[PDB]
Amino acid sequence: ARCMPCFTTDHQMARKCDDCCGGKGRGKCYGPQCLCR
């Protein structure tokens with residue numbers, strides 16, 4: 001399912017997950033998975 005991981009130790013995890021999913025607001029970190037909304 002995941003675009004990439006979300007690691008809580010990475011304080012920029014939400015910005016990285018958005019980048020994976022195509023831009024601002026497009027990715028959600030849900031536990032350890034970046035999911036493209």
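Along the chain as shown, the residues are counted starting at 1.
The way this entry was determined, per its header, is X-ray crystallography, 1.0 Å.
Cβ atoms are placed via backbone N, Cα and C, with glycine included.
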Record Swiss-Prot, residue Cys17, disulfide partner from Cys34, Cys36: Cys34
Record Swiss-Prot, residue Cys36, disulfide partner from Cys21, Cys29: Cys21
Cβ atoms near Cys6 (disulfide bond) (within 10 Å, other residues, all chains): 21
Count of other CB atoms lying within 10 Å of the CB belonging to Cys17 (disulfide bond): 25
